[PDB]
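Notes follow the structure.
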Amino acid sequence: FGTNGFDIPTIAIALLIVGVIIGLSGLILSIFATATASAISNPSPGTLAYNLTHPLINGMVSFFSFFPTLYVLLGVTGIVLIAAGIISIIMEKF
Amino acid sequence: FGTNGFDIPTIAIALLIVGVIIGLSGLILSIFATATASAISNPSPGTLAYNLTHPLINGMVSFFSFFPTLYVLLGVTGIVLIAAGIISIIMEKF
Amino acid sequence: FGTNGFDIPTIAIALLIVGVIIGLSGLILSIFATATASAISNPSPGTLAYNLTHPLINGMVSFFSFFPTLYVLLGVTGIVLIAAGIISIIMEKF
Amino acid sequence: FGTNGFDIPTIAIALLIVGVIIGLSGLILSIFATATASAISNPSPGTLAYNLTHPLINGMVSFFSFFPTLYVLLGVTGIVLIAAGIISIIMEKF
Amino acid sequence: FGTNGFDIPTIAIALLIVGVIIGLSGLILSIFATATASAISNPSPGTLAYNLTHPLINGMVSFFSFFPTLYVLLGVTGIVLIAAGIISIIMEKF
Amino acid sequence: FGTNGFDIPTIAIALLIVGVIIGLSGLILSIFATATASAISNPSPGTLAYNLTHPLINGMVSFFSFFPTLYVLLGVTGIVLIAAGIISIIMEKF
Amino acid sequence: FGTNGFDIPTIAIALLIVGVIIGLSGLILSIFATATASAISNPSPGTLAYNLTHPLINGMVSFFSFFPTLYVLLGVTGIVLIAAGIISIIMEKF
């Protein structure tokens, strides 16, 4: 059901795979982050350990804050492919 | 029942396959999302785990919100193919 | 699901791997830093041992302060790749 | 009763085997856990033995809490296989 | 009584075999589950044994709840085969 | 019941083995720790024997405190394998 | 009266043998347990002999409590064999 490489069943299967992979990624990261939170403690506000550990958790927070826009762009990517497939069908179906 | 590659039984079979694949995709994603919801808990509004986990679920929500337009475009795709087949039949049947 | 080398499932897997690796790195460094803090003591403000040891912990603090910008740039890196993939798709999909 | 490797009697036998194996696993683990609970005592809240033994039972509780999602995913696995078999039948039966 | 591989007596025998196998599976699982229920006791709501045993029975309940949709899909599978056989007969009987 | 190496009965047996091994480990360590607690006495707070013995029990406490995160990660490991098996099934079942 | 190894008279003889063996086992164990009960006395609640003897009778009670589920599973075993024989007959009698 297509012309050259655009196949609607293939697109549906690809969406299935992408959705399930993202679900697994979210599940695994969320499970692991709880273990991280449990492991690290809060020594004191001003002792040596605080100076040793604070920037690491700051980087954790920053990178985990950068993920959401990555996911948004990854979601936006598919609409471009679908529109390109539609346009390619239109171009030489007539 | 056609001219070159447009076959009405083939179109019906293709619609059957697309519908059943989309049904399976919806079923599997809906089943898996319940397990995800059960697995992740709500630690606290302001502790370390919240900062570690919140953007991930934000990305989950965003991507799952992007699916509906993908499905709408995927549905729109078929009408173009059917109309192109009709026009191709008309062009050289007479 | 792509054109030449841009594969959305591959991108999702890469994000999974990067996230889990960063989580392991943060966990290991945070665990080890507590052992470092426990091991080193505070001899006195002005004796020989203080002169012998202070610049080392100063370098510890400085380098651990340099990590956060490294993590920020590492996070920024991925958006460039995703945008480049989108542009590459757009260039020759039409 | 199938096309290449999808056999409904074989699927039924596989479900039988999986169910009976899970039943045996639950029975054996539940029986053994009672013996574990009987064997370990509660020395005191703050003596040496408590410090020596508490994290072990904490790990017991954690791992036994991780089983339920493992079972849920194991159950979800079969629906994917059945749907794949149905789709494979549909693809080349017509 | 058929054309290539579609044989009505063979279909009837296959339905017989599937029905009897499902009957045996239900009988065996139902018999075994009573023994499981008898074996496991209820220690207390909050002692060590409860923490040790509760998630296992939760997984039991979940997986046994996942069976019904598996059976429903297994039943749906046969109609597809019968319809495919009918269509295959129609295609080249005329 | 699988495609290449993913076998649901094998997964169930593996979970059985892992659970029983962890149960035996917890039981043996808990039994032995009571004997350790009984054997070592408390000489005095400041005599020679205290200086000779205290860091050893400190290391005991520390290592036994490190076990819980080891168990948590060991539990997390299985979900990755199950998700990978599901994804591998999805990839080439269709 | 069978196909390869399933013989109804043989099955009946096997059931006869199993029943008579279980009857003999129950009779012998019940007779011997009375002699055990007669032989052991009750010295006192707190003297040396009580500490010396109580766990042994506790183990007696526990093991004799484990027999019933063993008998239940042994009884369940035969239904599986009979159903397997029926299915094997059905498979190649037609």
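Quick note on naming: the chains in the structure tokens go A, B, ... in the order shown, residues restart at 1 in each chain, and ligands are numbered from 1 in order of appearance.
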Selection: 10 Å around residue 33 (chain A), only C-alpha atoms, excl. self and same-chain fewer than 5 positions, as a PyMOL selection string: (chain A and resi 28+38-39) or (chain B and resi 48-53) or (chain C and resi 20+23-24+27)
Which of region 5-75 of chain D fall in alpha helix (DSSP H), as an MDAnalysis selection string: chainID D and resid 8:39 48:75
Please report as CSV every residue of chain D lying within 9 Å of chain E, along with the nearest atom pair and their distance in Å (one decimal), using only C-alpha atoms.
```
residue,atom,partner,partner_atom,distance
D:1,CA,E:14,CA,6.4
D:2,CA,E:81,CA,8.1
D:8,CA,E:18,CA,7.0
D:9,CA,E:18,CA,5.5
D:11,CA,E:74,CA,8.4
D:12,CA,E:22,CA,6.6
D:13,CA,E:21,CA,7.5
D:15,CA,E:25,CA,8.3
D:16,CA,E:25,CA,5.7
D:19,CA,E:29,CA,7.3
D:20,CA,E:29,CA,6.9
D:22,CA,E:60,CA,7.7
D:23,CA,E:33,CA,7.5
D:24,CA,E:36,CA,8.6
D:26,CA,E:56,CA,6.2
D:27,CA,E:36,CA,6.2
D:29,CA,E:56,CA,7.9
D:30,CA,E:53,CA,5.8
D:31,CA,E:40,CA,7.0
D:33,CA,E:52,CA,6.2
D:34,CA,E:49,CA,6.1
D:36,CA,E:49,CA,8.2
D:37,CA,E:49,CA,5.4
D:38,CA,E:49,CA,8.4
D:57,CA,E:48,CA,8.9
D:60,CA,E:52,CA,7.3
D:61,CA,E:52,CA,6.2
D:64,CA,E:55,CA,6.4
D:65,CA,E:55,CA,5.9
D:66,CA,E:55,CA,8.2
D:67,CA,E:55,CA,6.9
D:68,CA,E:59,CA,4.9
D:69,CA,E:59,CA,7.8
D:70,CA,E:59,CA,8.4
D:71,CA,E:59,CA,5.6
D:72,CA,E:63,CA,6.5
D:74,CA,E:63,CA,8.1
D:75,CA,E:63,CA,5.6
D:76,CA,E:66,CA,7.5
D:78,CA,E:70,CA,7.5
D:79,CA,E:70,CA,6.3
D:82,CA,E:73,CA,7.2
D:83,CA,E:73,CA,7.9
D:85,CA,E:77,CA,8.7
D:86,CA,E:77,CA,6.3
D:89,CA,E:81,CA,7.6
D:90,CA,E:80,CA,7.3
D:93,CA,E:84,CA,5.8
D:94,CA,E:84,CA,6.2
```
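The two atoms in question, CA of residue 5 (chain D) and CA of residue 92 (chain F), are spaced 14.1 Å apart.
The two atoms in question, CA of residue 42 (chain A) and CA of residue 46 (chain D), are spaced 22.5 Å apart.
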Point-to-point distance from CA of residue 4 (chain D) to CA of residue 7 (chain A), Å rounded to tenths: 24.1 Å
